[PDB]
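Heads up, what comes next is one protein chain in two forms, each shown on its own as structure tokens, labelled structure 1 and structure 2.
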Structure 1
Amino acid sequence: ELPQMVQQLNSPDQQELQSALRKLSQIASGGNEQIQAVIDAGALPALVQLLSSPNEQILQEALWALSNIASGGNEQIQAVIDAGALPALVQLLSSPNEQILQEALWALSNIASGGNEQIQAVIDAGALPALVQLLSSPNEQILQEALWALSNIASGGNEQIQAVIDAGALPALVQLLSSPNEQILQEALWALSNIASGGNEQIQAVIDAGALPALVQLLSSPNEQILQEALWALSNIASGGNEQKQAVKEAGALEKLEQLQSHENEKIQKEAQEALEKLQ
């Protein structure tokens, strides 16, 4: 069953190829054991070759199959990297077709959802300059996928977070804190909070980029999901050294943090209390 479809991924017939791809995506979406059976059958080298396809439909389907395989365990994501998917994926970040671009970003965010080894592989493949460039995109759908991929890379160790900072992601993220789009604002806050989950040098970079006045202002948001995202970003900054804690106080956060201890939402109360306790 599986060897036949793996052979069919190399077929000259476009319909036999499209059907094999759709079948492979369906098996790969059914858990880690089914992902492992797809890897063991040797589907990855053929999937990787299809990332060079001129056909839009085949490309989107190959990217979707790879994003499903990459939704598995760290060793399964490593199998996608070892098959050489990353140079072809990073190249697809320059696509003028927004449907292909969305799928390429989604595949990359799945790979970047692994361990530090998998995240470092994404960084070493040159994904960060293409991602940072996409933060300037007028397409809100692409911007959200790019922000999600960036937030996964920034979920790694201090070395991975520093690579995000070194790529110039911070000025683009601080600019997005003024977005009237609440979904984009939420994603930009999430990317910033992950960067701020690093060490004092990574936290100071967030402070130096001028994130604090916008974060402090968003504590006045009537949108509770925006408020929570801003509270978590500030709480991560407050987990830094005395210099980082002093910057939060200087930015005028203390008054609003104490007031939010009495907010209607009991989770906001806890997050504001935790933030204020880190500072004092």
Structure 2
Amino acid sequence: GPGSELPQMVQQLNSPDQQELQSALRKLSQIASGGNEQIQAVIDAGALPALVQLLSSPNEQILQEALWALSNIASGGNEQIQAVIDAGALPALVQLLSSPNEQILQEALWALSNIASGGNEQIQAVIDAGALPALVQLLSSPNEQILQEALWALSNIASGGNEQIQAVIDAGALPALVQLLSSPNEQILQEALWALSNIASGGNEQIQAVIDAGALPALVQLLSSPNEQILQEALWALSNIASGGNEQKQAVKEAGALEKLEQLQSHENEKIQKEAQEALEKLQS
């Protein structure tokens, strides 16, 4: 697990010969795959600027290892996510969302999903790097895996402040998101529900933008779902959207969710029964 020849590895990361660079990169990356204590030791040795410079490497095997190491670093604490941001990795990560190599694009998205799982200032850093126009594009992707990581990234960015929710809305994520509510795959569906629930937890205007995108009929159709998770999520989104004004409550009523909410109180579930009684009470004010 813990090595003690790390400063020599960072010195080998800037080696003119490809083999002694790859060896140092391979061993240094495996160390970043470990615990948060191991991720500090690689940061403290100053591996970060060398790994960031490696995101512009014309070798795919170097690029893929640099990128994998950096996504594991971003899977650490909030000050370790900050170290990645501060090292300037974000513009190189956003440029890699246009890679013709699907494996590199996927590795970039996963790194981005990790950074955007940090603080609101770290979410903003991602928005400022301009990842939003690229993630909304990736929502049209025929690649199931790209679609999952792009929705995970957007769902995190949408858990931020209301201006950050608006950034996602103005990037036009909503039409692609409401389209994904009909999708056959359970996971991508749970992810679209996740992203929309977060957008619906914003200001009344942002709640209305969700309604305007045509999310309400699809959400009412998910209350008659066999899957307990999509059922739970369909009502989290329905409760969040009901937290708006009288217009944001009447829109829910007009969709037909009234009789649907009444039935989910006689349901055998214990979590869904209490979620339903907390939802219709919010709708009657």
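Between two forms, the rigid core is defined as the largest C-alpha subset superposing within 1.5 Å. Along the sequence of structure 1, residues get numbers from 1 upward.
The angle of turn of the smaller rigid part against the larger, between the two structures and from C-alpha superpositions, comes to 11 degrees.
CA movement of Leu24 between the two structures equals 3.0 Å, with the two forms superposed on the rigid core.
Fit the two forms on the rigid core and the C-alpha of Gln15 turns out 4.1 Å off between the two structures. Core superposition places the C-alpha of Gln261 1.2 Å apart between the two structures.
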